[PDB]
């Protein structure tokens, strides 16, 4: 890539999550990715970067997969697009639906509805929750409960579910009818609480919110098995059962937001099987295709599906569709993705190498004076940098310790993201990462963290 392209970028391309002015003026320099293979990408300067974030928790089978590119091409040649309205389909979308339900989804899942992004999938979730209760004659039972630091999308309603302020700022979010309970981050639990007591606290807090709101008004609770963008927050021991006990008591649906965790990410089929969650609805995307083509999928459980089915006899077809729902080339990409996941036992690899990565991180970083917590689960991990480790005092956000450490990794040839609203270095590498590659990742992160500690301590 090329200096004219960068002029045209600054003039006309509005990027996601990009400082509008600094990009436009060149102060935030652009970067063009020209190719990629395995766990590495190549920029316009010829730099090859080790990408320990797999794009955005999404390039799970690794880059450069000619198999998937050929599967997309064959579908694009045969039939790039027709709609899936009024019972229309491609072979590919039918096959994909059966394979998701049969090979990947938890017990009791039935139907799959397709979109393009995780955000449109959670938008679909909110509609299904309202529909379900309206057709069952419970018009007041509508509120959705999310969590502080949850990430669930970047729309109005989906941004409201999101529990990170940057997705609310100047958008007047959260909307009415979305409430937030605690982030279950045990490291930051009230002083004196052991893990069990903190879980007990989290459950009581949720219960009190349901009771304050009126249980007859509360429809669903949404949660990622492990919180991703909110900073790699692993649920404490017994958390999910404690939460599900509260929800069951007041007939609240569970939406498992599996956009990160599904399709081998935590070393399991999805996060729900790993973390003892029994969701009524599931959101997926990212790893569904390994980002080779855009696709999202809402997985509907038998209970909600049966009400949708029976209600349709009275109500006609549900008023829901996106033009590109079931897009054939996106289904073809997904099937090639699932083929590779299965054939190369990548889920088992993510368990093993993810266990290893987390271990090697603890070894390199536990007791490091800049690091307050090392954490993770499967092929997700994080370091959270703190000012006083034992008192759990963070740095002031303006010191930008997290962004600095991310930047220092990038100088040293590795991509690891500085997470929002804190000083946190996140890792979400391709699920095909080797143990050797994991050690490379830890080695570079360690050099980066050491560099920044020198500057800031």
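Residue numbers count along the first chain shown, from 1.
Student: Regarding 40-48 and 408-416, which shows the higher C-alpha temperature factor on average in the entry?
Tutor: The recorded data point to 40-48.
Student: Per the record, averaged over C-alpha atoms, which has the higher B-factor: 339-347 or 303-311?
Tutor: Averaging CA B-factors over each stretch, the winner is 339-347.
Student: Highest Cα B-factor in the deposition, which of 148, 217, 166, 78?
Tutor: In the PDB entry, the greatest C-alpha B-factor among 148, 217, 166, 78 is found at 78.
Student: Split into thirds by Cα B-factor across the chain's modelled residues, where does residue 207 land: lowest, middle or highest?
Tutor: It belongs to the middle third of the chain when residues are ordered by C-alpha B-factor.
Student: Mind checking which third residue 102 falls in for C-alpha B-factor across the chain?
Tutor: Highest third - that is where residue 102 ends up once the chain's C-alpha B-factors are sorted.
Student: Looking at the C-alpha B-factor of residue 108, is it in the lowest, middle or highest third of its chain?
Tutor: According to the entry, residue 108 has a C-alpha B-factor in the chain's highest third.
Student: Among the chain's modelled residues, which third holds the C-alpha B-factor of residue 120?
Tutor: Answer is lowest: the recorded C-alpha B-factor places it there.
Student: Per the entry's values, where does residue 193 land by CA temperature factor relative to the rest of its chain, in the lowest, middle or highest third?
Tutor: It belongs to the highest third of the chain when residues are ordered by C-alpha B-factor.
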